[PDB]
Structures are given as structure tokens and as C-alpha cells.
There are 4 protein chains.
Amino acid sequence: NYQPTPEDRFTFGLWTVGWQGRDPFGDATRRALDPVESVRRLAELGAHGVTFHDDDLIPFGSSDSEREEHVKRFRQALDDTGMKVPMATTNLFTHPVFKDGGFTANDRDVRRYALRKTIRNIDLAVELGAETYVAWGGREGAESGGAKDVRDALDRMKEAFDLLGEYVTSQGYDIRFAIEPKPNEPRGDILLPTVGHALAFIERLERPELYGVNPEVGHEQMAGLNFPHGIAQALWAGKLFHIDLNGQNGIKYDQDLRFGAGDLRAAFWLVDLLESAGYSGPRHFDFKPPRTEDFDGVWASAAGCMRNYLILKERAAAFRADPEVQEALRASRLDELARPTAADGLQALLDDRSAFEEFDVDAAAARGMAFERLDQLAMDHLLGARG
Amino acid sequence: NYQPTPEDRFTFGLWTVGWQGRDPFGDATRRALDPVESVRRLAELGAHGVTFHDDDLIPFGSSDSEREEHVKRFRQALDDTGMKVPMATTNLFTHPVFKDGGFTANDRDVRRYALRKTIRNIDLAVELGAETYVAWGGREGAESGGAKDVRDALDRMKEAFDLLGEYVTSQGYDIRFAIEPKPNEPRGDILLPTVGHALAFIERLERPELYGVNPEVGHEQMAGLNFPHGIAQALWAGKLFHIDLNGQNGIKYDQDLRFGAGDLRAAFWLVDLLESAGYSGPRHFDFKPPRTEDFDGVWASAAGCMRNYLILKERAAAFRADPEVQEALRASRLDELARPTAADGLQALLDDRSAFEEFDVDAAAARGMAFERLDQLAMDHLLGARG
Amino acid sequence: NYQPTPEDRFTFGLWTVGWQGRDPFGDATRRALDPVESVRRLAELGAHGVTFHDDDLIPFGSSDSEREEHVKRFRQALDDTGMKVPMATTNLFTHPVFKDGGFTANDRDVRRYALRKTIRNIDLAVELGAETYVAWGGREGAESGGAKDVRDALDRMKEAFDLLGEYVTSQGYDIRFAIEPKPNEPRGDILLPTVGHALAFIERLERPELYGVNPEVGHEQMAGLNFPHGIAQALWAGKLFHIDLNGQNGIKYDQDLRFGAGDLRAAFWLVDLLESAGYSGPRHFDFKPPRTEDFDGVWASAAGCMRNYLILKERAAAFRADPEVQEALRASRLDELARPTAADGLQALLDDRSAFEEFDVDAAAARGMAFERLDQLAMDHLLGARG
Amino acid sequence: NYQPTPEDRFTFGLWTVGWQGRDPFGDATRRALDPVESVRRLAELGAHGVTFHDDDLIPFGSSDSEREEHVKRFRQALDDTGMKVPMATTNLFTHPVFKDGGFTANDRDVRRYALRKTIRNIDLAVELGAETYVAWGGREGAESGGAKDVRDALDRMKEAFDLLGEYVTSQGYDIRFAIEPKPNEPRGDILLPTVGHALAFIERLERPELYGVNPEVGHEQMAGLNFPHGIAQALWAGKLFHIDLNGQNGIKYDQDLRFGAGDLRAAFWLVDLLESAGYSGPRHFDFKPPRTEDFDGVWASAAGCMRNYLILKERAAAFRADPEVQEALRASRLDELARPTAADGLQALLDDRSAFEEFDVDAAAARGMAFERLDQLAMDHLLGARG
Ligand SMILES: OC[C@H]1O[C@H](O)[C@H](O)[C@@H](O)[C@@H]1O
Ligand SMILES: OC[C@H]1O[C@H](O)[C@H](O)[C@@H](O)[C@@H]1O
Ligand SMILES: OC[C@H]1O[C@H](O)[C@H](O)[C@@H](O)[C@@H]1O
Ligand SMILES: OC[C@H]1O[C@H](O)[C@H](O)[C@@H](O)[C@@H]1O
Ligand SMILES: OC[C@H]1O[C@](O)(CO)[C@@H](O)[C@@H]1O
Ligand SMILES: OC[C@H]1O[C@](O)(CO)[C@@H](O)[C@@H]1O
Ligand SMILES: OC[C@H]1O[C@](O)(CO)[C@@H](O)[C@@H]1O
Ligand SMILES: OC[C@H]1O[C@](O)(CO)[C@@H](O)[C@@H]1O
Ligand SMILES: [Mn+2]
Ligand SMILES: [Mn+2]
Ligand SMILES: [Mn+2]
Ligand SMILES: [Mn+2]
Ligand SMILES: [Mn+2]
Ligand SMILES: [Mn+2]
Ligand SMILES: [Mn+2]
Ligand SMILES: [Mn+2]
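Residues numbered from 1 in each chain as written, not as in the entry; some residues may be left out. Chains lettered and ligands numbered in written order. Heavy atoms only, no water.

- In the PDB archive, X-ray crystallography is given as the structure determination method for this entry, at a resolution of 2.00 Å.

The following block contains the structure:
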């Protein structure tokens, strides 16, 4: 059971399985993977596709012809396997020139360079068939309060994304942008640190319809936030364009554990939500096989990502289909939450004495919500302990 | 030095100095304060004004005539002292009926009751001259994932605020709404948990211009977020309608320490920002004198709030006026952050070979940002150690 | 399946199911429970026993004869049901007199009073057959740095516990003490904030053998610590005298969720450890049924505590009995971790050239730990997805 | 003012100022520093000394004669400048062989290698005159629960430290060990994660007198703990052998900011404590100049460490010498905290009716602690705002 196939739409970044294990306190524990080899290994495990930063696919500073050759070999592997490229992104974080940011570097020349590097990869992404272009502003931020005027920085951020929107519109490209929040690391505080901040920012862009969010499980958890709540807000706004799936154990460094590790209950409620809402985008994993692992462990970790999603999907589906759960949901008045509070309108509400003057506050207060019983039914379903 | 006067616009909630010291593990340590007495004591310390929830001023369940009498006595104290009431709010959290929320309770009758309780206090607030009406959804949330469908809850939240907006518009009242985020406590996760989430939500209301945010120092810090960054985003959006000032030591329960306690450097950078941006609203303190304190300690704690703001204001002003700091800010290219990245437009950027083909990436990378020197000048100014 | 019986040794505090739902922002949602009624309800659910603070059983300020009568009625219920009282504790936190602590209050008279209140309840506990007496220093701490000289406070803490040890020794009582850490709440920082700090402190008492720890799942998680690691250290030291079981979602206020809620994987690894190590003490639940719940929800929440332990016990047992897991544990060299590094002694180690001069560092480095495969087998067992 | 001299005993690790700026998301921004150059630059800024890991001074895998030459050149720089080497440590974290630990690696051969690498550097440290040898178990831990049996791991940890203690005793070396805790990073959870856990562990070693702690400001703050409280416990136990000074903004990745940055009030209370208790060891800075900085910024950041200590020292000293503060400390009964609760003994306490039967609980409860006034005097002193 729980065998993935390409129709489950599981995708992986090249940088995930290709992570060599260099951390801030130690050297690489694994050799570099050829992108072609990752493509084939992932196809064999049942993945749908891969994603890339520019610099994962084409070594930084490659000539135009080295570049052609890298793309050609990759494209051949995609053709041989049937793997897709639904998303791409830019590396605006590794090279030293990006030490104070890309789009919001204090140096204007760096900001211009960041835009040009990005635009060149948008052309490549469209050529490979990507529908979503992710921006992760990992260096946009500060360690000290005087270093970054945040209002000016947001003006620069909006300028950058507006220009990118003008570019795609002018070229007639069919690609949308997704902003990936993260609250900190590697900068002390990162700009647009949560899904909320990103959603609010998007509404001030010149063409807000071209921009959504790419939330990551572990990033929101680094701020102690409820990830399924955040995703529900993004879905409610119509802005869940892509998602990064992984695990995280609490408020600490960005662990990027395989999906299902970390906060397992939150993973269950995330799956429940994605599947109930009909999210139809890629189930993308942004994870790092731990540096303890050899190559066999790398592939085992990747497989476990997919396995854990398909297990949780089954459990959530059983939960929602259970008539005893359906009855519980009514006992807890989930049905009533979905009805309008005042479809009769404001004047009717104001004239309704059962809403205030004659509302029996004590009787309403005495009614239990029956949430603990509901939650235990959810636990029993997750654990497969329904007698 | 550092004596406040009413022109500094310092305000306090009645619930702040009036907090009796009941916590989840212990009984009250102080007797209840009469609102009239708080008004006079605060006027003597140099405050500008007070704020209230409905239930702080009028005991829950008062008759129409007890209500009149409470308001009359309060109004007399305001007239005797010259104190203003710039803000008011509703208690939709204390009474048991609000155990699952007000605006987003699963029970529809409770939601209607929450709206009616709110509207009655909006009329009172306008009569007392409040310009801002705060909403803190402290019970809107969940302890378990199945208890609250978050999409439906946001539909209900938007319904409630839309109706309030219709009400104020229809009455011709000159009052705006400010949403006060908090990430958790007393619910396991609270809806709209940060300034970002609140800002994004506001953009989906029918009349977004009537709604802003009332961010609180300690609340954003409960998610480990940078408070001055959050306020800069709110100012950038034009939505900083009011602010709650206090202190918080990290990610834990909501401490509500006096302003300046907690993260002192963040307090300095907040003051710097508010004063540089010309925020002209109330400097409102939402703090709890610790339960260790008697009445003399209560007034000492309140006075310290004001004192610490005026000290930090002086230090920030000295920082920004220091020519050596002005030179540092140029050395760190803050000037350049404020200039447009590409006022020449997209086509010019694309044709500019100095932005990419001929950009010397190594030379740009080698340039230091000089941020540590700048930050030490900021430290020296804060500490009054400029030789 | 998963029906508890008294032989599973599940115990509950009277304050758990008896929590009325008063939180720092709201009033009680449930009426007070008679201790006799809790005893009978818990006996019917299959619990083994109950625990109490002095003030849960005997209202503060009771006369000697009211006291007798309270104890008599409780004792009758214990006799009627077969319920035991394995643990007792003192309330040194609720009454205002304890606002700055009990054992470490700055006022010496309060400290003496705290000792006398404690000793009176130790006599009661011994009469009811308790084997463990818990001390939770919830008020021992500070909100500000100058308020508490911590060295003097630790001298006072050690003085208090030494005196209690002298008391029990002098009376010939067969009772041991267990210190329950918590890092913060209701004080800004609490003394002995983690299991580590408590263990270290115990070693400086005059009779360290009489003192152990009473760690609580949610408390260690409030500091972002791994609870099963902490318990392993306490077991290694021979100091796990009692345990508090509950759930907690990350670094925030003390939630006291039912056991199994919160961090579900950590619950699995805790059960695995307790059962593998042969912990033979009570499985005590210190939880709060959420205030959303009526009485039916209270009992459902309590039942779920027990259910979730018995499910996890079964899953952990299946994990460790699985031959494929046993083989995995060898592949990951858990066997080798259990062997002495240098049973040959220091000189032999120093003369062993295969340990250094001729150690092939590259070959050792290339070996994968196979941890991800092991962890996925653990996941599959937890979820009941072993094909 | 605030010019350091070698008598202030400020020390720096070679790895601090020598950090090249490689982080988990980016390449180095600065070239490698020769240790000789760091020694001379630091001597010019007024430092007392430097500290080293084996691998900072002697490139891993050096021959015996390269090794001699590295040590000779370093020793010459020490002789030229008058700089001391008070502390040394081992790198048991960088090389891939240490991916699962040094002392607690599951592979027994790695554990033996870790011991031999350590012993070789203890000989070097003694030759250079170090009095303290630090052990930071950065790789001792796990990402998953099944990977590390923690009891066995602690047996292995104790074995390793016992053997080191036997080694130094047998050689007659005058050097003590200090364990440096950290709660996580680069492992998901690290063993002995706080000062408490380390202190408790030390008490189970064969010769506990040879072992103390090397607490780091930012590490304890990564668990949300109060650093001055932790240090007070270490001083109370007589185990503060060395300290790492730096700054950290809350619960996140290990920032290693310059001292005084981060939580500035905690820095003030730490300085107050160190100076009041007469700590006479090195004031060692374990900080990372941010990667935004060039070499000029590196030296500015290092200088700021020292400056900020000397400013805080002056402010704390002024605080404690202020007669108005001395009077406040009596008003808050700090004097009484320092007196024994029951120097009269247990029987006298039991017979003292003023301790219980006739204690007026209400009168004691009504007395305010006056802590807020005290804390504001502390604030005013820190800020230099005493009129
Ligand atoms: O944006 C693409 C990716 O870039 C980097 O690898 C980030 O660490 C990751 O979280 C993000 O998803
Ligand atoms: O909204 C008004 C106030 O209501 C409550 O007292 C909250 O605890 C507080 O943070 C908020 O500012
Ligand atoms: O010590 C007994 C109990 O006292 C209080 O109720 C605490 O909140 C709880 O954690 C502790 O277990
Ligand atoms: O133990 C010596 C040092 O080793 C490493 O550099 C650690 O990151 C640091 O915290 C520690 O102080
Ligand atoms: O470019 C205008 C900008 O200039 C600043 O005052 C920089 O000093 C900003 O805070 C504002 O967005
Ligand atoms: O009222 C329509 C709503 O109904 C739900 O499906 C409730 O099941 C929501 O998730 C959506 O906002
Ligand atoms: O009672 C002796 C004690 O006195 C203090 O100096 C109080 O000033 C302590 O820090 C020490 O433990
Ligand atoms: O070496 C004895 C050790 O063996 C284990 O059971 C390993 O299975 C430990 O938990 C204990 O410390
Ligand atoms: Mn991540
Ligand atoms: Mn990601
Ligand atoms: Mn607050
Ligand atoms: Mn507030
Ligand atoms: Mn608890
Ligand atoms: Mn407990
Ligand atoms: Mn560190
Ligand atoms: Mn350190």
C-alpha cells in the first residue's frame, strides 16, 4: 500500500536530495549528485517532478555554451523519464555579493544585478514548462536595527516584484510568482517573515493577481504558528499557489526534516485541509536528508516523504467519511459555523431582541462544545485505532 | 527631566492599573479600583487619557439606569481632570458565553450576541469622543484541529467586521477600527495571529479604509518576531491606527511588563521609528503591574512606562542628530537603499550591461557593509556613553 | 481494546478534572466538583488513584473539625472504590501571601509559614498512604533581575528541603520528595527551571537519596527541550520518582492538554522509554480539560489520556518486537553504543594505533548511520501501517 | 573612557574573529586569517589572550613537523605580544567522521578516535599554559528518537570524561575541564542541553572536582532561559570555571552576536552578578562578526564586545553603590532573603505559633514587594538617567 505514482504530483527540489551535508559546523558528508542522476532516481521512486534554483542546474559563472549543455542534458533526462518541472526559483543567497540581500540590498548595483539574474532564469523556467516561479528572500533582512530602514526596503521589494510582473506580462508568459516566507535564518530577522506578512504585501503590488504564497511547514513553525491555520488563510484569500512540505521540531534552526516527521498531528490536519479544499498544485518536498545518512538513506528519506503523505491522506479521508465523526461535527456545531451570522442584514439584527435583550446568556454558556470527544475521534483515526 | 505632560499623548487602559492580580494560579492581590480614582491618579502622573472595555466601565448585566450613572460619574472625572478617551473596545472574552469566541463562535446565536454587545459600545465610545475602536479576538481560535474550520471562521470574521463597518457608515460616525493581533493565549492558537495576518485580512473587507491594526509589543514577541519591523510594515501600508506599548521577555505567556522592560533594544528601535515616521496617535500602555506590587507599586510602574518612553525618545533623537551617525549611515549605504533600483524602467535595465554582463561581482562582494560600527554607535547613544 | 484497569496505575490530580475553567482572561465555565464525586467518576473510568494539594481537599482556613470531616468523607470514597492516593503536594501558590514565593519569599515570616503548611500536609499524606510528596515551586522566581538574589534564594531553597528531610527522617516516615520543574509562568522565570537544574540542585541537599524529580511533559517543552531525553537523564541518575503526563503544543503558556495531544511523536518515544526501562511508578495525568467542555467533555478528556497511553504502549511494544526493527537497530549500531568505549583501560587506549595513528578516518566517515530508515519503521509502527 | 587593558582579562577564540562567514546558505565572505595576525590585532585592541580548538591552530591532518612549525610560530606571536592562552578545546564536530558524535558516536571506533584526538590536544594546551580545557559536545545528540539510546549515550559520555580525568591525574597536569552546554544545532537535540543538565551530569563523574561548566549567553537563551539565573546556580555550586560571552535575540539559530547586543538587560544583570560574586576567570567572547562585515568590521565588532562589558560594569557598580538603591533593596527585603529561615532548627520552628497558628496571613499578603520601583532604579542606572 502507499506506493506513490506520478498522478499524486509529488515533487522534489534538486537541492533536497542533492544536499551534501555541509552545515554551519561541519563539512560535507556526501558527494555532489549530478542533476540527471537525481531525476532518474526520483522517477523510479514515483515522483512527478523536480524543481531547481538557477545555480543548482547551471554552475554559477558558466559560459553561454556550458549553460546550453547543462540544460540539454537535463532536458534529455526529463524526456527519458517523463518527469516535469512545475516550479523554478533563483539563488539570491549563496554568493557573497548577496550578503545584504538581493532585491533589498543597500547597494543599488546589487539590486539591479539580482533583478537581471532573476529575469534570465524566468526565461529558462518558461522554456522548461514551469507554471510557478518562487522567490525566497533569505538574505533580505538585518542583524541590527540601524542597518535597514524597513519602509525603504519594502519600497525596494515592491519595486522588484512590480518589475518582474511587468516583464512576464510584456513577454506574454503564463507563469505566476509565489513568495516563500521565513522568519529568520540566515539573517537575524527576514522581511515578510510569515504567510500573513507576505499576503499583506502582495495586496500592494501593481498586479496582485500574479502573486501568491509558497508557505513551508517548518518556516511557520519557527515562529510557533499553526501551519494549517496559515494555509487556511492563504486558501481563503485564493493565494495558495504552491507549498513546501517538510517537518520541524519547534522553534529552532530550520531543520527541513522529512515530511511527517516533526509535528505529526499538524501534518494530519494539513493533509486533511489540502485534500478537503481540493488543492491541485504540486506536493513539493523541501527537505534535507540528515547528514548522518549515506545515499541509501537519502532515497529512503525521500521515499518516506511520499509514504507519509499517502498514509495521512488515507487517515484523514477515513476521519471525514466516518458517520460517527459526522455526528460529532454536528454536536460541536461546525455546521453552524458555516452559516451566516446575519444574512437577515444589519437592521434585522438590530431589531432582533433574541440577539440581545432577551438572549439567555447563561443557557448558551452552559452548553459544552464537545471538542475533546471530536479530537479523540481524530486521534483514533490517525493512529488506526478505530476498534 | 523626563516628566510627562498631556501633550506627549500617553494613555492607559482602565484594566492596566486596575488589574487586581488574579492569574491562572492565584487569587487577587489588590482590591478593585474605581475608574474615577484611576482617572484622577493617572491625570496627576501626567497622562493624556484613558481607554476602556465596556465591562471595565459598566459592570456586566447593569440596568439602563445603573449604566447611566456609571457613565455620568466617569464623565465628571474626565471633565474635572481634562483627560480624554481616544479609544474604546469590547470585552468579548471574559464571560463564559464567549468560551468558543465572539465573532467566530460555532454557535450562531453567540455570534449575533457578540455583534449586538459590540454595537452598543460603539455608540458609547462615539459619545465619549473615541476616534479608534479596538477589536481583540482573544477567544477566536482553537485548541484542536477539528474544532474550527478556519475558512468558515474567516468568513464569519469578515461578516462581523463588514456589518460593523455598515453600522458606523450608516450612523455617520467618525470612528475607525483597529484589529489587535495575538498569536495564542487564552486559546491554543488565535486567528489572525500576527500583524501580517491582520493586515492581509483587512484587504478582503468591504471597506478596507475603515480598518487598521493595533499591534502590541509583547504579542509579536510571543511569536519571536521583530516588533519594529512589523510596525514598519504597518506604517508602510498606512494602517498603524493605534499601538499598545509594553515589555515581554521572549516566547512565553503574555507578560505585559511595563514599557522599556523586556527587550530594551527593541524599545529603542521602536521609539526611533515612531518618532521618525511622525506617528501622531496615542502612546497607549497595555501593561499589568506585577501582582507582587501594592498600590504604590502600581503608580510607580505606570510612571515608569512614560519615563522610559521619554528617555528612549531623547536617545533616539541624539542618535539621528549625531553627524558621526549620519556619516555612518552613508558608509552603510542607507542613502542608496532609499533610491529607486530602476527608475530608468525595465527596458533600460535589460539593456544595461553594467547590471549583469559587465557587473564585477567580486568587487561588489568585497565591500563591507559597516553595520557593526553603526550598531555600536547606536549602543553608545542608548547607554549615554558618547564620551 | 485499550480499556484501562487499576493495574495500569493511571492516576489523576483532583485539580485536573476539577478545574473550573478560570483562565487569566475569563471566568469559570464549570461548577466546582466535590472530591468524592471525582473519586467515584475516576474509579468508574478505570483509574488507579488520585493525588491532591492540601487546599484541593480541605478549604483553606478550615477549622480542625471541618478538616476532620473533609478527610473522613474522602477516605470513605477511597474505601468504597478501591482508589489509592500515591502522591500528595502542597498549594504554595494560590493565596496572596505566596505572591513572592513560599520557600524563597524575601519575607522570612512567609518562608516559615510555607514550611509549617507543608509539614502539616506531609502528616496527612502519610496517613492516606502516599509514597511521594511533590513540590512545585510555582512562585519561586522573579519578574525583574534585582528582586531576587539567586544564590541566596538557592540557600533558602536548600534550607527548606533539608528541614523537610530532617522532619521525615525524625518521624520515621516512608515518603520521598519529588521536585517538579517548570521554566516560567506564573513568575517570569522560575527557579530550577528544568529537570537538569532540579537534578543538579538535589545533589547539594544534606540527604540526596530522599529527593528525586517529578518532570512534566509540557514543562520541559515550554523550554523547547526533548522530554524523552530529559526523562532518560533522570532514569540514568536513578531519580525518576514520579511523572506528570500531558500534552503541549510548543513554547507558549502551560496548556496542560490531554496526554497524547501536543507532540504525538514525543509521546510515543516517552512511552517506549518508560516501558523499556521498567518505570514502575504511577502514570499520573496533570491535564486541564479545556474550558470549552461541559462535564461530559471532562470525562471524555480524562478517558482519552488513558486510552492514548495504552495505544502508544501497544505500538512501542510492536516496534521493539519487530525483527526488521531489531535488524535496523544493529544496522545503525545501537548495539555498539551500549558497549564500552575502552574497557581495556586508558593505557591500552593510548597504545592502540588503530585508534589514531592508523585509524582510517575516511572509511569511517563514509559509513551511513541508516537512521532515516529506522525512523520510518518507527513512524509506520506508530501509525499502524506495517502493510 | 572604556578602554580595555590586559588586566580586564578579555579573551577571544581564534575562530571568532577568524570566522570566514560561511553559513548554511552561503559561501565565505572573508579570507582566512593567520592565527599570528589575529594574536597581534587582538593584542593591539587590549585583549588579554586567545583560545583555540586543535584544528584552528594546526590544520587537520598535519604531519608532526608541520605541527611543530605551526605551534612555534604561534608561540613567537604570544611572546612578542604578551598574550596568554587560558583555555583550549578540541574540534570534535567539523570532520565528517564526527557526524554522529565524538564521545557518544554509535560506532565504537569513532569514540576511541575522539578520545585520542582530545588527549593529544590536552598535552598541547598544558604546554601553552591553559588552565581550562572546554568540551562542547556539538554532535552528541540525535534528529530522531530511535537513533540514540540516551542512557547508553550518557554511560559513554561519563566513560569518556572519566578517562580524561584519569589521564590528567596520571600526568600530574594542573588543568580542569569545563562542559559547554547547548540545547540544539547542529543536532536536532544535543545531550546535556543546558547548564542544569551539565551540572547534574558532573556529579556522577568519578572525580567531580575536576569538572565545571562553560555556559554561553546565547545557548541558554536558545531555550528561553534566564542566563543570569543559570550562572547564579553554577556559582552556587562552585562550578563556574569559564564563561562564553555574546548576544542572542531569542529562540532561534545560534547567532553569536557581539556581547551587549541581543538581550541588553540580561547583559547588565550578568555583569552585575559576575562582578558582585568576584568571578576571577577570563571574560571570554565567543562571537561571530556578521558576514556583512569586512576586516575593519571584524575589529570594530571585537572592540565593541569589550567596550560593552566595561560600560555595563560601570553602570552595575553605580547601581549597587547608590544609597537610594541600597534603601530600595531593604524595602524589597533582599536583606531578609539572605537570612536563614530557621536557624533556630526544626523543633523550634514546629513550636513557633507565630509561624502558623497565630501567623496573620492577610497582613503579610497586603505588604507590597516594591520591586517595580527597584527595577526602575536599575533601568535609570543602566541608561545613565539618574537626573
Ligand atoms: O525558494 C527555494 C528554496 O530556496 C532555499 O533552498 C531555501 O532554503 C528553501 O526554503 C526555499 O524553498
Ligand atoms: O483589546 C483590548 C485589550 O483587551 C484585553 O485586555 C487584552 O488582554 C489586551 O491585549 C487588549 O489590548
Ligand atoms: O505540584 C502539583 C501541581 O501543582 C500545580 O497544579 C501545577 O500547575 C502542576 O504542574 C503541579 O504538577
Ligand atoms: O567549545 C568551543 C567552541 O566550539 C565551537 O566553536 C562552538 O560553536 C562554540 O560555542 C564553543 O564555545
Ligand atoms: O525613499 C523614501 C523613504 O525615505 C526614508 O525616510 C529613508 O530615510 C523611508 O523611511 C521612506 O520609505
Ligand atoms: O460556508 C462555506 C464553507 O463551508 C466549508 O466547506 C464548511 O465545511 C468551508 O471550509 C467554506 O468557507
Ligand atoms: O547569606 C549570604 C548570601 O549573601 C549574598 O551576598 C546576599 O547579598 C548572597 O549572594 C550569598 O549566598
Ligand atoms: O549497556 C547497558 C545499557 O543497555 C541499554 O538497555 C541499551 O539497550 C541501555 O538503555 C543501558 O544504559
Ligand atoms: Mn526550511
Ligand atoms: Mn522552502
Ligand atoms: Mn499582552
Ligand atoms: Mn493589548
Ligand atoms: Mn503544566
Ligand atoms: Mn504538573
Ligand atoms: Mn553560540
Ligand atoms: Mn561557545
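**A short note on the interface of chain D and chain A**
Step number 1: If you look at the interface, chain D gives 31 residues, while chain A gives 31 residues.
Step number 2: Roughly 3,200 Å² of surface becomes buried between chain D and chain A when both sides are summed, with 53% attributable to carbon and sulfur atoms.
Step number 3: For chain D, the biggest contributors to the area lost against chain A are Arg22(D), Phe25(D) and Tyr253(D); these three give 24% of the whole.
Step number 4: For the salt bridge of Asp27(D) with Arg22(A), the shortest nitrogen-to-oxygen distance reads 3.3 Å.
Step number 5: Joining chain D to chain A, the criterion identifies 18 residue pairs in polar contact.
Step number 6: Residues belonging to the side of chain D that touches chain A are distributed by class as follows: 10 nonpolar, 7 polar and 14 charged. (Contact = heavy atoms within 4.5 Å. Buried area = accessible area lost by both parts, 1.4 Å probe. Salt bridge = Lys/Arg side-chain N within 4 Å of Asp/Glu carboxyl O. Polar contact = N/O pair within 3.5 Å; in protein donor to acceptor, adjacent residues only side chain to side chain. Nonpolar A, V, L, I, M, F, W, Y, C, P; charged D, E, K, R; others polar.)

**Describing the coordination of the manganese ion (ligand 14)**
All names here are of chain C.
Step number 1: The protein atoms that coordinate the manganese ion (ligand 14) are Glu180 (OE), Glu216 (OE), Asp244 (OD) and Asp286 (OD), at distances of 2.0 to 2.1 Å.
Step number 2: Each donor residue of the manganese ion (ligand 14) lies on the same chain, and together they follow the pattern E-x35-E-x27-D-x41-D.
Step number 3: A separation of 4.7 Å is found between the manganese ion (ligand 14) and the manganese ion (ligand 13), which share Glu216 as a coordinating residue. Of this pair, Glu180 sits in the loop between β6 (176-179) and β7 (189-190) while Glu216 sits in the loop between β8 (211-213) and α8 (217-221), and the two are 36 residues apart along the sequence. Like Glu216, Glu180 is buried. (Donors = N, O, S within 2.8 Å, 3.2 Å for Na, K, Ca; no water. Helix = DSSP H or I, 4+ residues; strand = E, 2+ residues; numbered from the N terminus. Buried < 20%, exposed > 50% of the residue type's maximum accessible area, 1.4 Å probe, protein only.)

**Comments concerning the coordination of the manganese ion (ligand 15)**
Residues and elements named next belong to chain D.
Step number 1: Looking at the manganese ion (ligand 15), the protein donor atoms are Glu216 (OE), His219 (NE2), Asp254 (OD), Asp254 (OD) and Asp256 (OD), and they sit 2.1 to 2.4 Å from it.
Step number 2: In terms of primary sequence, the donors binding the manganese ion (ligand 15) are separated according to E-x2-H-x34-D-x1-D.
Step number 3: If you look at the manganese ion (ligand 15) and the manganese ion (ligand 16), they sit 4.7 Å from each other and are both ligated by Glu216.
Step number 4: Using a relative accessible area of 3% as the deciding quantity, one classes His219 as buried.

**As for the interface of chain A and chain B**
Step number 1: Of the residues lining the interface, 96 residues belong to chain A; the matching set on chain B comes to 96 residues.
Step number 2: Between chain A and chain B the total buried area reaches about 9,200 Å² when both faces are included, carbon and sulfur atoms providing 61% of it.
Step number 3: The tally of links from chain A across to chain B stands at 14 salt bridges.
Step number 4: Note that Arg116(B) and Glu357(A) form a salt bridge whose closest N and O atoms lie 3.0 Å from each other.
Step number 5: Counting across the interface, chain A meets chain B through 54 residue pairs in polar contact.
Step number 6: In terms of residue class, the side of chain A that touches chain B is built from 50 nonpolar, 14 polar and 32 charged.

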